[PDB]
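Taking the form solved without the ligand, here's one chain by itself in structure tokens.
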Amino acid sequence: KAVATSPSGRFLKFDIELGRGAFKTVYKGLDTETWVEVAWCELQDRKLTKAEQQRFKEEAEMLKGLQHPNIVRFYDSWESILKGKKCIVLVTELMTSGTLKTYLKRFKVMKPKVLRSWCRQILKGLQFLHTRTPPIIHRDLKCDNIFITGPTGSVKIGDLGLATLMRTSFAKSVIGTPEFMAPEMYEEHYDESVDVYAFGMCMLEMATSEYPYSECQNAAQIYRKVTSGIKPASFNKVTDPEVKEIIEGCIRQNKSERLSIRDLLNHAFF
């Protein structure tokens, strides 16, 4: 049976590892109110500074009050202080139907009706985030972080609890994916147009089934291309001219000339 219980007593932890990476370990959890499996994520405190743990504690207090049909649910989070553990626990919605990357690695061409429906649902999720008070930036948008839901084949972007943990020094240097970062995202301050940039790289990955900036071998080569206006090589492999036009407007180096979520949703293609 269960080996741990959330402080609220709602979620139970089972000693069943569902996944493990360089950053977190995911265990099988159980929601005692709805009787569905959840993701019991654990992050060791040695990978987070004291300031990052404190900042996440305050951000998570408001993120667990956010829900959207196109966003993976972030349920709860707390600090597990015990001998041999000393970690931060995150309880999120358990996605088992794979990601967009999972099915882009197995199929060559995506139907234009499917690319239109999925990109629109992603834009709807970002629109809901950017229009909150205060605005919320996802900061971790990529096809490897967009999950399929069983019914109707809807898509959900990764939960905000794990997405905000990608800002930490450990995540940016160990599990970072700089090929989805806007040129101004490398700086100390940026805004919500960063999500528009990452969305353009997501559509580029759907339209080509190829990883953006795959010709580069290190993050330094990716930084020099992006900060010099050099588009990735797979950008020219887009067959649809209208799709290629939307992608360019999302990955423009100058964020003032870059498209907005409003312009994308009002575009004739979406």
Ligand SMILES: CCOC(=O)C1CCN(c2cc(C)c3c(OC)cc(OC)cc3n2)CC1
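One-based numbering along the sequence shown. For the two forms, the rigid core is made up of the largest set of C-alpha atoms that agree within 1.5 Å on superposition.
Beyond what is shown, the protein has a form deposited with the ligand bound; the following relates to that form.
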### Query
Open site or blocked site for the ligand in this chain, with its pose taken in the deposited complex and fitted by superposition, and blocked meaning 3 or more ligand atoms within 2.4 Å of backbone or C-beta?
blocked
### Summary
Assert contact residue (the ligand, in the deposited complex, non-hydrogen atom within 4.5 Å, options 115, 137, 94, 123) equals 94
### Task
Using heavy atoms only and a 4.5 Å cut-off, determine which of 41, 226, 201, 207 is in contact with the ligand in the deposited complex.
41
### Query
Would residue 18 count as a contact of the ligand in the deposited complex, using a 4.5 angstroms cut-off between non-hydrogen atoms?
yes
#### Entry: Contact label in the deposited complex: residue 73 to the ligand, heavy atom within 4.5 Å
yes
### Message
If we define contact as a non-hydrogen atom of the residue within 4.5 angstroms of the partner, is residue 60 a contact of the ligand in the deposited complex?
### Response
no
### Task
Give a yes/no on whether residue 88 approaches the ligand to within 4.5 Å in the deposited complex, heavy atoms considered.
no
### Summary
For the ligand in the deposited complex, the stretch among 152-160, 129-137, 192-200, 103-111 with residues bearing a heavy atom within 4.5 Å is 152-160
### Task
Check each residue of 13-32 against the ligand in the deposited complex and list those with a heavy atom within 4.5 Å, in sequence order.
18, 24, 26
#### Entry: Core-superposed comparison between the shown form and the other one: the option from 30, 243, 48, 26 whose CA moves 2 angstroms or more
48
### Message
Superposing on the rigid core, is the Cα displacement of residue 85 between the shown form and the other one 2 Å or more?
### Response
yes
### Task
Pin down for me whether the residue 151-residue 204 Cα distance shrinks or grows in the deposited complex relative to this form (closer or farther, change of 3 Å or more).
closer
## Note on the structure
Output row for the residue 42-residue 82 CA distance, |change| of 3 angstroms or more in the deposited complex, reads closer
